[PDB]
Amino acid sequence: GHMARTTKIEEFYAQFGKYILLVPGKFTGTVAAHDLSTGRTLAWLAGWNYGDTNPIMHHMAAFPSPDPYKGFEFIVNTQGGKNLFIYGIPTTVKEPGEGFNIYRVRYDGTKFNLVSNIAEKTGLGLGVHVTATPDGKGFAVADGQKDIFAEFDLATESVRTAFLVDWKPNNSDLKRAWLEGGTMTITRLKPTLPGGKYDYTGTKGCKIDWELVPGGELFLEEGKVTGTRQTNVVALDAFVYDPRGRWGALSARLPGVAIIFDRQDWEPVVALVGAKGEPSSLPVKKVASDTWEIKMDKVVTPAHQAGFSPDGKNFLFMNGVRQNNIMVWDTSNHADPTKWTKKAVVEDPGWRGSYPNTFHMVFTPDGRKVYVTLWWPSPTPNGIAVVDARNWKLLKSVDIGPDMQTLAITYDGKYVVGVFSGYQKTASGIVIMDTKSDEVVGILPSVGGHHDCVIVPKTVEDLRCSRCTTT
């Protein structure tokens, strides 16, 4: 009786509705769109076909389309250089391609079209998170080896702003360069090359020779990452947007800070400090027309992912490794982020070791729950935490598979869709969870080392639960 009678998969896909899942492949070098209504992959693209010899396809965000099945657009970026050598693949390659591309891709109802390489046009090769603006007409990219982020206009493919963030440690000893505090300097960059182009293509600008991998923020202090400016790294990760407009939050993994910027005048306004027991925030002081500083007397723990709730009234930052928890600020005062204060922290006895790390997140459309991945190194099963986002309590934890990464949600709020990625070498897949029962409904096969996933949105209200407000 253990073998099911002949069973068709139609009922399974029919429940999800008409939603398209987009995924980058990391070491596979691909991007792909899947139709959750039929199980068909609608299209894919392999970067090496176009002459990118190191297409580590990393992060992406998609823009609202009135009918994704007829067409949509998205940005996907890459890493490059010695990032090829950090996931245990026994490649004999001597000189890896430079990478750090930023590609604009359009689905036309049949296939993907590679529209442009925005890194080649602008000179900004940035390899970490890609976030759409709340209006769907721009996007940001950050990089945690160069510590640069920029916001871009989609229609003109031009740079709206670019900033460099630097650390100056109180103690020059690598082991204590963050623990014992330091000064973070924020500089608004100006282009230096003809046509308003920046000089940051490829590996140019890297302070360290490869990324701090998932779970690996302390590998730099710990003396395992080479580079020419090791003790100046902050590891910028993402720029996430307040859905009510005006503010963005730039996450710096090593100092454990989220720097709030005013997008109206492009200035940093306050620094939120992640660690439990530390102040809600630290002031930002302007020291020159283009330069601001934040002073920290210690750094308690690094931090990971950040996000605003769909209504913009809560901001989350995940402390990791030295503390593993979800830190929550009351951001209800839209007029003045200097007033944003810590209101809750989600903790659990099972989070007391180095791992699991509280990781990527997605909120339900109504804000009532947030789903948060729980990351561990091999071989512990990674999983999903379900959190009550009104009372800030852990409801449930479920095991999924190795190397759990990002989460998306269908825009009717019914199904969370996530990816796990096998550390680029073992089991990978797409996991779907029902948000009413909080149960896994199934795993679909996936050739991918994905560190992202998005469901293509139809409207700007969808972006409030997409790769815009959170990572």
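For every residue, the number given is its place in the sequence shown, counted from 1.
Higher mean CA temperature factor between 144 to 152 and 89 to 97: 89 to 97, per the PDB entry. On average the C-alpha atoms of 435 to 443 have higher B-factors than those of the other stretch, with 435 to 443 and 61 to 69 being the two compared. Of the residues listed, 77, 373, 185, 83, the entry assigns the biggest Cα temperature factor to 185. Highest CA B-factor among 105, 174, 132, 234, as stated in the entry: 174.
Compared with the other modelled residues of the chain, the Cα B-factor recorded for residue 428 ranks in the lowest third. Sort the modelled residues of the chain by CA B factor and residue 6 lands in the highest third. Placement of the Cα temperature factor of residue 158 within the chain: highest third of the modelled residues, per the deposited record.
Residue 41: CA B factor lies in the middle third for its chain, per the PDB record.
In this PDB entry, residue 352 carries a Cα temperature factor that places it within the middle third of its chain's modelled residues.
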